[PDB]
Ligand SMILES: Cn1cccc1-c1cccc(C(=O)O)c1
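First, one chain by itself: the form solved without this ligand, in structure tokens.
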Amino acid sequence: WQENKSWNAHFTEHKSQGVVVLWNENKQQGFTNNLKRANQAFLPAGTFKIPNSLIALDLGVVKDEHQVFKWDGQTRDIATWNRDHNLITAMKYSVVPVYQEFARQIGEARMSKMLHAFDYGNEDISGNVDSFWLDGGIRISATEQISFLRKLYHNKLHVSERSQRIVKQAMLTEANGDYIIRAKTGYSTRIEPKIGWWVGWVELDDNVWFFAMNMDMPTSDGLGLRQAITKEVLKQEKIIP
């Protein structure tokens, strides 16, 4: 592991503070701007939609990525939640009420066993079964996100290969002739400190770079800086153009 404090410029330029953790898969080498915050664990919030999707798929509570999840009819703050969704759009728009249905269906016993199978963070599901990744006991660090994502990438998590392929498809965020990004955002607000997540990887022709970032996020108005700052680190390191 190697610390590169020059990435802090990208945080300072935007009156922000956080961590970016990169992992070069071919070279088995890690880079971060803050080794200690790289290993600090937070609530995963929306990034928990990755393991939650894996478990729901594996147990059959979600049949596939085409299955339609009917809006429960309750109007909520976020406009894109007040409609039908499938797994692709539930991930894309981070639709909490859908994933809370999953968790309630999965249940505490199976959720706990699956998080141990995944070595997911501190593997603690204490709290409400339908909200523990937002205000319960589960905590995961940026480096632990990468360890989790590396196993997902190689289909080595303890669920079906099909489940892992469907979720990696649902993580599709961006793709062009130079790279593919599969990733998931999160915004943890129910328990201080308010932080924003972006975790995933960028696939190149010849390599895979895993990334996990979090930053202090007192207001939702800075949420776009998660991707902006990450991408500026990726550009500085010549990973993307």
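Note that residue numbering begins at 1 and tracks the sequence as displayed.
Below, we turn to the form deposited with this ligand bound, even though it does not appear here.
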Classify as open or blocked. Procedure: superimpose site C-alphas, place this ligand with its pose in the deposited complex, test each ligand atom against backbone and C-beta atoms at 2.4 Å; 3 or more hits mean blocked.
open
Contact test in the deposited complex: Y93 vs this ligand, heavy atoms, 4.5 Å:
yes
Please tell me whether any heavy atom belonging to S220 falls inside 4.5 Å of a heavy atom of this ligand, as the geometry stands in the deposited complex.
yes
Indicate whether this ligand has at least one heavy atom within 4.5 Å of a heavy atom of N33 in the deposited complex.
no
Proximity of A109 to this ligand in the deposited complex, heavy atoms at 4.5 Å
no
